[PDB]
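Working notes, structure below.
Just the heavy atoms: all of them, side chains too, but no hydrogens, waters or symmetry mates, feed the values below. Proteins come first, then strands; the chains are lettered A, B, ... in the order of their sequence lines, and each starts at number 1.
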Amino acid sequence: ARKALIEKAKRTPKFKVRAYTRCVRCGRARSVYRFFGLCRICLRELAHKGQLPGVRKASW
Amino acid sequence: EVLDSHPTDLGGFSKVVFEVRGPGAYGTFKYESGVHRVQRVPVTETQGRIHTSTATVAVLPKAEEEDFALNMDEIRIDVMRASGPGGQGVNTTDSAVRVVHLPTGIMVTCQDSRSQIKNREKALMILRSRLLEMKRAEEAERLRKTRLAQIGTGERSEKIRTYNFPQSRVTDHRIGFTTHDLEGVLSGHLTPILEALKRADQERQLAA
Amino acid sequence: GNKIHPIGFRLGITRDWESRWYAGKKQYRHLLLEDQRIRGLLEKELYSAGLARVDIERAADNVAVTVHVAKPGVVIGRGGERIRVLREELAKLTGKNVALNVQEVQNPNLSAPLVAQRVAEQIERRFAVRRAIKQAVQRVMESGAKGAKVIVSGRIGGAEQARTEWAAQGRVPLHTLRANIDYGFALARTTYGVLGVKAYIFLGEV
RNA sequence: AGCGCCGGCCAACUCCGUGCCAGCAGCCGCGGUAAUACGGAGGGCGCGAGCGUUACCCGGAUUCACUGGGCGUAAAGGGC
RNA sequence: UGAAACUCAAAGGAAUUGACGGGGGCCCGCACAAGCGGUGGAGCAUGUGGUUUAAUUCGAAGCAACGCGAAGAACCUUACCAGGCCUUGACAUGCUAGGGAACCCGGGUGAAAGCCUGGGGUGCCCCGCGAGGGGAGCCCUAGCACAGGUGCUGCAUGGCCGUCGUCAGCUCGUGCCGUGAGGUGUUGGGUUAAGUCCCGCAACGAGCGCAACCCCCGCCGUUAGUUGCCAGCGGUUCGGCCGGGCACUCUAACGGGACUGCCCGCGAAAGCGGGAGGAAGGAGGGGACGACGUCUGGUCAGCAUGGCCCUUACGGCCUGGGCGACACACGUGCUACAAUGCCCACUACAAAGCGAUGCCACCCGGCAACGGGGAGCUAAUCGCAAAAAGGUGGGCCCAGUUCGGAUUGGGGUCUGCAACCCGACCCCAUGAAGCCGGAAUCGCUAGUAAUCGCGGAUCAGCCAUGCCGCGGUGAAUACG
RNA sequence: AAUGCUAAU
RNA sequence: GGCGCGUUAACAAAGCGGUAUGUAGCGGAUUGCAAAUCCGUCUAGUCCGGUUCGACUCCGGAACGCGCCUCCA
Ligand SMILES: [Mg+2]
Ligand SMILES: [Mg+2]
Ligand SMILES: [Mg+2]
Ligand SMILES: [Mg+2]
Ligand SMILES: [Mg+2]
Ligand SMILES: [Mg+2]
Ligand SMILES: [Mg+2]
Ligand SMILES: [Mg+2]
Ligand SMILES: [Mg+2]
Ligand SMILES: [Mg+2]
Ligand SMILES: [Mg+2]
Ligand SMILES: [Mg+2]
Ligand SMILES: [Mg+2]
Ligand SMILES: [Mg+2]
Ligand SMILES: [Mg+2]
Ligand SMILES: [Mg+2]
Ligand SMILES: [Mg+2]
Ligand SMILES: [Mg+2]
Ligand SMILES: [Mg+2]
Ligand SMILES: [Mg+2]
Ligand SMILES: [Mg+2]
Ligand SMILES: [Mg+2]
Ligand SMILES: [Mg+2]
Ligand SMILES: [Mg+2]
Ligand SMILES: [Mg+2]
Ligand SMILES: [Mg+2]
Ligand SMILES: [Mg+2]
Ligand SMILES: [Mg+2]
Ligand SMILES: [Mg+2]
Ligand SMILES: [Mg+2]
Ligand SMILES: [Mg+2]
Ligand SMILES: [Mg+2]
Ligand SMILES: [Mg+2]
Ligand SMILES: [Mg+2]
Ligand SMILES: [Mg+2]
Ligand SMILES: [Mg+2]
Ligand SMILES: [Mg+2]
Ligand SMILES: [Mg+2]
Ligand SMILES: [Mg+2]
Ligand SMILES: [Mg+2]
Ligand SMILES: [Mg+2]
Ligand SMILES: [Mg+2]
Ligand SMILES: [Mg+2]
Ligand SMILES: [Mg+2]
Ligand SMILES: [Mg+2]
Ligand SMILES: [Mg+2]
Ligand SMILES: [Mg+2]
Ligand SMILES: [Mg+2]
Ligand SMILES: [Mg+2]
Ligand SMILES: [Mg+2]
Ligand SMILES: [Mg+2]
Ligand SMILES: [Mg+2]
Ligand SMILES: [Mg+2]
Ligand SMILES: [Mg+2]
Ligand SMILES: [Mg+2]
Ligand SMILES: [Mg+2]
Ligand SMILES: [Mg+2]
Ligand SMILES: [Mg+2]
Ligand SMILES: [Mg+2]
Ligand SMILES: [Mg+2]
Ligand SMILES: [Mg+2]
Ligand SMILES: [Mg+2]
Ligand SMILES: [Mg+2]
Ligand SMILES: [Mg+2]
Ligand SMILES: [Mg+2]
Ligand SMILES: [Mg+2]
Ligand SMILES: [Mg+2]
Ligand SMILES: [Mg+2]
Ligand SMILES: [Mg+2]
Ligand SMILES: [Mg+2]
Ligand SMILES: [Mg+2]
Ligand SMILES: [Mg+2]
Ligand SMILES: [Mg+2]
Ligand SMILES: [Mg+2]
Ligand SMILES: [Mg+2]
Ligand SMILES: [Mg+2]
Ligand SMILES: [Mg+2]
Ligand SMILES: [Mg+2]
Ligand SMILES: [Mg+2]
Ligand SMILES: [Mg+2]
Ligand SMILES: [Mg+2]
Ligand SMILES: [Mg+2]
Ligand SMILES: [Zn+2]
């Protein structure tokens, strides 16, 4: 139950509380960041490839 | 109810004997007799290898506890003079007793007391104990042969069922029945295998 | 888990971002999704052209997109017959104005993605793996690079047990930040599974 | 026109079936769900009115060493 | 003196590289010791084993599984269960045929999905004032190629990660030694945090690691001065509010500064000890960064992927339930057991963050949660925002207490279609265990431990006492 | 002063 | 048959008219794991009938088990 779940989440529900976020890259439903729309795994992958503008490794 | 138990330090059993009480217990457990084979990575294994082990299951019908009594119609009693000291008493008294179990020819002689009555009673008691011992010995021999015919040597061959954990597979080789619910089977869900075995037993009597 | 991504480690020091634009909290994710869509579409379009790098650049409702390929003619074609077409669909895939630029790579031997892609293509052709790694590393070293490394992981040659084969020459200082190291990755989908190809090329220190 | 063989020794390789079973085996060893080693098929190699197998003898075996071996620690200096 | 039957496919000698030793030597680490505070006992939160259940989805297993995947389980999530439903399917291309759809508001039954349903409209290119017919964005019915599968295999795999271990190592080219495996280099002496450096040497050099290059903190300088700040000046409704200024603090870019650089001593040297100066002294403090390899390590349930398996069902939709069970066992935490304390009132002092179906000033009503008006702020401008420990004053007076706040009864607020299973918060009443914890066990060497509060991700709401960060107050001890 | 670790890389 | 004795929990085995122990078993600690060790905890009087305020305990019976005697012929 992966493709159907992704499409159903992409669909409008009868109630507004039944809408939940999913990762726009791999379809994950857990740990999805609002700022990027991506899950933590995809976020790390894309950040290591320089494809996230202004995003850099943090160290202080 | 569990009758006998010999546990091991790691939580296994080297032997465990229990009772299933209920109408049709033996009829429904009679297909579990034989050698069961498991292929898996042991928890006692250090290098992570797969091992093939076996366990033997013996199923017997619970017997009866009929008491033993001597039928006097097949027993002959002789009385005669004893041997040894005693003077005119032992010369003239029929104190010595012999009891003979006619079907088998086994005889017991008693001369311990001066009294014929006590000697007769003692001889009958000894004869009863001897016949009871022989009956028990023959019963035990028959049961031992049945057990051996069921479990054999426990070798890896001659197995009756295989539980493959890496493949999550259960195979009954008597009927070629393979299923893939290993956890369910190990949790007590033996109905499909047993119904297949009963199917095979009913189909094997297709005569003519 | 052992090694950090060579490019991600040096972002803003030696390497530069592949996408360069500014967006606020309201527009970042939609533009990012559009960028991923564009890159995914172009990846399966110019594969035979030798696609190394795709750069997305946005000013105001207009996106640049500059691609770097081994053979620009494979992207442009006869009088641009393909160059226009790949642009038009892109607009129909973005709903904006696009300025697709084509750039030639001076040395295909010095671009780690191209080396990795070539090695993966050879592996897919049921070629020998060890010979391929040796030949690719030697080719890179023949073009003035100060060092090179190529690593292949998987069921090398269809074997039932996965292995890793690597070759190296020169210098590959992965712990040096001033070192300009180009990293490339490629996948080989053979009938027996997927093999991973990694390429490191060292081009001196800035 | 047939017989043996096709893991190494040793010449001649792929597919399917099975799953420490069935089986193979001169030695080393194969087979426990992706077997060039089991069975079948396609192909191949060697011989061919034959082709294999068993038994026995010599060779390889300088492994009873005359040609042509050894004995500190590998088997081997006798207690003197 | 001295066999055989039988049995095995080897038994052996020397040397090599490792590993190991309750062998040796020299070293090291909160390893011990020296200290301070905990855990193991109580109650509660949470994860797990087990057991139970229709289901209590699945994975993670010594260290390196157990506030772990899960940075948000009422529905959704959801992968499990029960029932009601659908069939080329909720998603993708293609071949047809019949309609020609395309897009939009209504009817019955139903818990909903669904089933049966009632009223209009396709551009574009056409013969064209024609009935109309043709190719076309696009849709449905009946067929197919097929889609779909969180179904199995991490003992077929990629990618990523954990671990030995931020440990000081692991190797290579040529030369030389050895029949050979291999050795040398890389061993010996001194030194270092370091295979760090120096000296010696059949070796001479090199690579991956160490270090450095990057970020934050600590001192200063240049560029600037708004929404920042206010030393001097003039106003002032007493707030930098204004004029004005960039002095200062600060903000963020660029630079300098520290390098055993100097002096004394020790030593071949590397270096070690002492001192001056300096904000900073011997790596200045903290991050980022993890070698060849190891662990048949983890992940097919994030994704991808070989093989196997299902195909009006192992696919898909809805409602309801379960993941929240409960004789017990364990791990990680929170709150305490009190006077170096608790309660009440007034009164100070931060940092880093977040905010447009948002943050919400202020005023009104309710004890309150909160509700009703309603500015300012797309935010160095406005808000969250009150910091708390602290300081001052008062009350409690050694008690199961004005300690402690579990459990339960009742009245309410808010979010959400919907708080029964199963949310959070306010008020009233109730006021449990607990008097410092057995064998045992854990963290920590300085702005550290301890202690106090604040923010953020996920997120309608929240079961967060978790996690990632931030600052306030601030120890003890290290002989060895 | 302190015993042991079967059997498929 | 006569005389004498005994029956306790998981096993072996004691005192007591009113109140064990050793080794096990079970929960925890330690250990990579098992054993060993350590901290806690724990299951009863053969049966029936009496006396007694009160019976595992004193008395009577029954069952089973054990020991010795059973001679002059
Ligand atoms: Mg399903
Ligand atoms: Mg939500
Ligand atoms: Mg989500
Ligand atoms: Mg006589
Ligand atoms: Mg006499
Ligand atoms: Mg007589
Ligand atoms: Mg007489
Ligand atoms: Mg050959
Ligand atoms: Mg064979
Ligand atoms: Mg054969
Ligand atoms: Mg096969
Ligand atoms: Mg053969
Ligand atoms: Mg064959
Ligand atoms: Mg010859
Ligand atoms: Mg020979
Ligand atoms: Mg000879
Ligand atoms: Mg010869
Ligand atoms: Mg001779
Ligand atoms: Mg010889
Ligand atoms: Mg000798
Ligand atoms: Mg010799
Ligand atoms: Mg010897
Ligand atoms: Mg010999
Ligand atoms: Mg000898
Ligand atoms: Mg001699
Ligand atoms: Mg001798
Ligand atoms: Mg002598
Ligand atoms: Mg022999
Ligand atoms: Mg200590
Ligand atoms: Mg405690
Ligand atoms: Mg406890
Ligand atoms: Mg506790
Ligand atoms: Mg679980
Ligand atoms: Mg799984
Ligand atoms: Mg842990
Ligand atoms: Mg934790
Ligand atoms: Mg939670
Ligand atoms: Mg549902
Ligand atoms: Mg649910
Ligand atoms: Mg693995
Ligand atoms: Mg892996
Ligand atoms: Mg090491
Ligand atoms: Mg060499
Ligand atoms: Mg030599
Ligand atoms: Mg070394
Ligand atoms: Mg060496
Ligand atoms: Mg180090
Ligand atoms: Mg070095
Ligand atoms: Mg470093
Ligand atoms: Mg200035
Ligand atoms: Mg494993
Ligand atoms: Mg696993
Ligand atoms: Mg998968
Ligand atoms: Mg798979
Ligand atoms: Mg849960
Ligand atoms: Mg509950
Ligand atoms: Mg834990
Ligand atoms: Mg605790
Ligand atoms: Mg608490
Ligand atoms: Mg109180
Ligand atoms: Mg609820
Ligand atoms: Mg109490
Ligand atoms: Mg008290
Ligand atoms: Mg402990
Ligand atoms: Mg330390
Ligand atoms: Mg907690
Ligand atoms: Mg031992
Ligand atoms: Mg041992
Ligand atoms: Mg033993
Ligand atoms: Mg030992
Ligand atoms: Mg072992
Ligand atoms: Mg052993
Ligand atoms: Mg062993
Ligand atoms: Mg007893
Ligand atoms: Mg007692
Ligand atoms: Mg006791
Ligand atoms: Mg005990
Ligand atoms: Mg115990
Ligand atoms: Mg142990
Ligand atoms: Mg134990
Ligand atoms: Mg114990
Ligand atoms: Mg007499
Ligand atoms: Zn994702």
Side-chain angles (χ1 to χ4, degrees), chain A residues 1-9 13 15 17-23 25-35 39-42 44-45 48 56-60, chain B residues 8-10 37 39 41-53 85-91 112-115 118 156-157 159 162 164 166-169 171 173 180, chain C residues 1-5 9-14 24-25 147 149 153-155 158-162 164 166 168-179 185 187-198 205-206:
Chain A
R2 162 88 300 134
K3 261 281 284 281
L5 260 305
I6 285 159
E7 308 286 14
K8 192 152 86 195
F15 322 111
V17 277
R18 263 163 197 203
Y20 66 99
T21 53
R22 262 192 204 279
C23 175
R25 201 162 167 266
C26 75
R28 222 175 183 267
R30 286 186 195 267
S31 310
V32 179
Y33 282 95
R34 287 188 191 193
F35 193 84
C39 78
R40 54 169 179 89
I41 310 176
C42 292
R44 187 171 177 254
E45 283 161 17
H48 279 331
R56 200 234 282 288
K57 253 164 85 63
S59 97
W60 70 105
Chain B
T8 68
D9 267 354
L10 296 173
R37 180 180 73 152
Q39 302 174 122
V41 178
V43 307
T44 55
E45 162 69 19
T46 292
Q47 299 134 82
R49 300 174 294 162
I50 301 166
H51 283 290
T52 311
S53 310
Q88 287 191 114
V90 70
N91 291 354
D112 280 332
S113 98
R114 293 178 202 238
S115 158
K118 302 263 207 243
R156 266 170 205 94
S157 315
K159 93 237 137 201
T162 287
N164 197 348
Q167 270 159 240
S168 28
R169 173 172 56 75
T171 301
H173 312 96
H180 280 63
Chain C
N2 262 332
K3 274 142 190 104
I4 191 75
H5 195 117
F9 192 34
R10 298 160 172 86
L11 275 177
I13 311 181
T14 276
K25 185 224 192 133
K149 208 213 270 163
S153 312
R155 298 176 63 171
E160 304 209 329
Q161 165 101 339
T164 301
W166 64 277
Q169 271 206 32
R171 283 175 76 225
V172 200
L174 292 178
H175 283 243
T176 301
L177 295 148
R178 57 157 95 95
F185 174 76
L187 226 62
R189 281 152 263 243
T190 78
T191 33
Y192 54 79
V194 284
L195 265 73
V197 180
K198 303 189 170 118
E205 310 152 323
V206 322

With positive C1'-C2'-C3'-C4' meaning north and negative meaning south, how does E/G324 come out? south
Interatomic distance at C1', G/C26 relative to G/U43, whole Å: 11 Å
Paired to E/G221 by Watson-Crick or G-U wobble criteria (both distances under 3.5 Å) is E/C254
What interatomic distance, in whole Å, is found between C1' of E/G394 and the corresponding atom of E/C334? 33 Å
Stacked or not: do E/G239 and E/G240 have six-ring centres under 5.5 Å apart and planes under 30°? no
Using a 6.0 Å cut-off, check whether atom CD of B/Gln88 has over 12 heavy atoms from anything other than its own residue. no
Is E/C470 the Watson-Crick or G-U wobble partner of E/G453, both distances being under 3.5 Å? yes
Rounded distance in Å between the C1' positions of G/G45 and G/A20: 13 Å
Taking the side chain of A/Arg44 as heavy atoms from C-beta outward, which of E/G72, E/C214, E/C160 is closest to it? E/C160
May I ask you to test the A/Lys57-C/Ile4 pair for a side-chain heavy-atom distance under 4.5 Å? yes
In whole Å, measure the gap between the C1' atoms of E/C213 and E/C289 for me. 12 Å
Report the residues that fulfil side-chain hydrogen bond (donor to acceptor under 3.5 Å, both in side chains) with A/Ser31, sequence neighbours left out, ordered by chain and then residue number. none
Is A/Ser59 near enough to E/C214 that one of its side-chain N or O atoms lies under 4.0 angstrom from OP1 or OP2? no
Considering only E/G293, F/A7, D/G32, which nucleotide approaches the side chain of C/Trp166 most closely? E/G293
Send over the distance from B/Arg156 CZ to D/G31 P, rounded to a whole Å. 17 Å
Whole Å only: how far is the CD atom of A/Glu7 from the P atom of E/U77? 14 Å
So which protein nitrogen or oxygen atoms get under 3.5 Å of nucleotides 153-157 of chain E's nitrogens or oxygens?
from   : atom 1 : to       : atom 2 : distance (Å)
E/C155 : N4     : B/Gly48  : O      : 3.0
E/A156 : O3'    : C/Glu160 : O      : 3.1
E/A156 : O2'    : C/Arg155 : NE     : 3.3
E/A156 : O2'    : C/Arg155 : NH1    : 3.4
E/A156 : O2'    : C/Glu160 : O      : 2.8
E/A156 : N3     : C/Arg155 : NH1    : 3.1
E/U157 : OP1    : C/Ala162 : N      : 2.9
E/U157 : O2'    : C/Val194 : O      : 3.2

Under the convention that a positive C1'-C2'-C3'-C4' torsion is north and a negative one south, the sugar ring of E/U236 is north
From the options E/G302, E/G316, G/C33, select the nucleotide whose nearest atom is closest to the side chain of B/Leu10. G/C33
Any N or O donor-acceptor pair under 3.5 Å from the base of F/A7 to the side chain of B/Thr44? yes
Would you indicate which nucleotide in E/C459, E/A288, E/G355 comes nearest to any side-chain atom of A/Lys57? E/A288
What's the gap between E/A325 and E/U408 when it is taken at their P atoms, as a whole Å value? 14 Å
Among D/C21, E/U77, E/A212, which nucleotide sits nearest the side chain of A/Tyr20? E/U77
Taking the same atom, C1', in E/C342 and in E/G331, what whole-Å distance lies between them? 34 Å
Would you say the base of E/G209 stacks on C/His175 (centre-to-centre below 5.5 Å, plane angle below 30°)? no
Closest to the A/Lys3 side chain, choosing from E/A79, G/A73, E/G149: E/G149
Counting side-chain heavy atoms from CB outward, which of E/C459, G/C72, E/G355 is closest to A/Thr21? E/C459
With C/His175 via side-chain hydrogen bond (donor to acceptor under 3.5 Å, both in side chains) - residues at least two apart: none
Mind checking if E/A424 stacks on E/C425, six-ring centres under 5.5 Å, planes under 30°? yes
Would you classify A/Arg56 as touching base, sugar-phosphate or nothing, given that sugar-phosphate means primed atoms plus P, OP1 and OP2, and contacts are heavy atoms under 4.0 Å? nothing
Whole Å only: how far is the NZ atom of C/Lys3 from the P atom of E/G290? 8 Å
E/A145: pairing nucleotide in any strand, Watson-Crick or G-U under 3.5 angstrom: E/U93
Can you tell me which nucleotide in E/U77, E/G149, E/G287 comes closest to the side chain of A/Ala29? E/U77
Under 4.0 Å from OP1 or OP2 of G/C72: is there any side-chain N or O of B/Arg114 that close? yes
Give one of base, sugar-phosphate or nothing for B/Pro85, where a contact means two heavy atoms less than 4.0 Å apart. nothing
Are any of A/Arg18's side-chain N or O atoms less than 4.0 Å away from OP1 or OP2 of E/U77? no
How many whole angstroms separate atom CD of B/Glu45 from atom P of E/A61? 16 Å
Nucleotide E/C310, atom P - distance to NE2 of B/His180 in whole Å: 10 Å
base_contact_polar (E/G302 base, A/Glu45 side chain, donor-acceptor, <3.5 Å): yes
If positive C1'-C2'-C3'-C4' means north (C3'-endo side) and negative means south (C2'-endo side), then E/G240 is south
Heavy-atom nearest nucleotide on RNA chain E taken for A/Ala58 and for A/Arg25; more 5' hit belongs to A/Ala58
Closest to the 5' end of RNA chain E, once C/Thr164 and C/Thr176 are matched to their nearest nucleotides, is C/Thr164
Can you check the distance between E/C201 and E/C219, where both ends of the measurement are the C1' atom (answer in whole Å)? 50 Å
Would you mind telling me which of G/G1, E/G302, E/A304 lies closest to the side-chain atoms of C/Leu187? E/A304
Which nucleotide, if any, forms a Watson-Crick or G-U wobble pair with E/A42, using both distances under 3.5 Å? E/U335
Would you measure the distance from the P atom in G/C58 across to the matching atom in G/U19 and give it in whole Å? 15 Å
Check the distance between D/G32's P and B/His173's NE2 and give it to me in whole angstrom. 14 Å
I'd like to know if E/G469 pairs with E/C454, where a pair means Watson-Crick or G-U wobble geometry with both distances below 3.5 Å. yes
Base, sugar-phosphate, or nothing: which does C/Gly1 touch, judged by heavy atoms less than 4.0 Å apart? base
Taking the side chain of A/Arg40 as its heavy atoms from C-beta onward, which of E/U77, G/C72, E/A70 lies nearest to it? E/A70
E/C414 pairs with, by Watson-Crick or G-U criteria that keep both distances under 3.5 Å: E/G423
Spacing between A/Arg28 atom CZ and E/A304 atom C1', to the nearest angstrom: 15 Å
Within the 4.5 Å heavy-atom criterion, are A/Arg22 and A/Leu5 side-chain neighbours or not? yes
Please check the phosphate of D/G19 (OP1 and OP2 only) for any side-chain N or O of B/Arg169 closer than 4.0 Å. no
Are any of A/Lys8's side-chain N or O atoms less than 4.0 Å away from OP1 or OP2 of E/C317? yes
Stacking between A/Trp60 and the base of E/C216 (centre distance under 5.5 Å, interplanar angle under 30°)? no
Gap between atoms CZ and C1', on A/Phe15 and E/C318 respectively (whole Å): 11 Å
Check: E/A457 base within 3.5 Å donor-acceptor of A/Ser31 side chain: no
